[PDB]
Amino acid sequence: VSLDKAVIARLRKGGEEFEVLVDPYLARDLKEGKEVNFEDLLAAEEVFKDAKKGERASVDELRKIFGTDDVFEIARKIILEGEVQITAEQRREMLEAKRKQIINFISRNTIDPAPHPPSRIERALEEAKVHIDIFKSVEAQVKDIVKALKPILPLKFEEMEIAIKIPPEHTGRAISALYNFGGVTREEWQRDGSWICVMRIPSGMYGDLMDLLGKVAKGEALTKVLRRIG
């Protein structure tokens, strides 16, 4: 990351200011909980007292304050505990992207006692003035958001277990694909060359599963709903 695209992440500790120049997208990833290659994250491998003036913190002061001189370790603490100074445009773009993943996750993993199209979810997020955290993964905030939409959009998180049996002819074009869809369990080849499994999927993906089946096994697959798990 070039110093011209890098942003400052700052932390005030023991009466002093500490800064690092980082790739804002990789810093967002760290605050979210993802694994980050620090070699790509830091625009410069050092801790600053003032990054804009180029004032470098000294090894002795780093040891006293942080109890270590390791730049990656210090940078991690600054990014997690301090503030990442992203631009308004970066904040806008990150917000737009996190909103999308949230809407997509909700649509695919819920149904309405069956799945709401994304636009229905979109509208409801607006109507309820839901706050979206750009530094948190979808998984970490998707339950407060859902129980915030509770009053105006009925939403239920649910998975289904569906038994599947593929005719001997289609096990070539159907087994690889189902694994690609995700959810295959208890798979097992059969006497006659047929194959069976139990698909575990988000109920909002049921229509996609049946559509995939029809295509890969040409209406030949057999299915049976075993249970719905909330």
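Each residue number is its position in the shown sequence, starting from 1.
- Gap between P113 and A114: 1 to 3 deposited residues without coordinates.
- Set 175-183 against 49-57 and average the Cα temperature factors; 175-183 ends up higher.
- Relative to its counterpart among 141-149 and 82-90, 141-149 has the higher mean temperature factor, C-alpha atoms as listed in the PDB entry.
- Between the residues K100, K156, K136, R76, it is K156 that shows the highest Cα B-factor in the PDB record.
- The PDB entry assigns the greatest CA B-factor among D70, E32, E188, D40 to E188.
- When all modelled residues of the chain are sorted by CA temperature factor, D23 is found within the lowest third.
- Among all modelled residues in this chain, the alpha-carbon of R10 has a temperature factor (C-alpha) in the lowest third.
- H170 sits in the highest third of its chain by CA B factor, as recorded in the PDB entry.
- Per-chain ranking of the deposited C-alpha B factor places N109 in the lowest third.
- The entry lists a Cα temperature factor for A128 that places it in the highest third of the chain's modelled residues.
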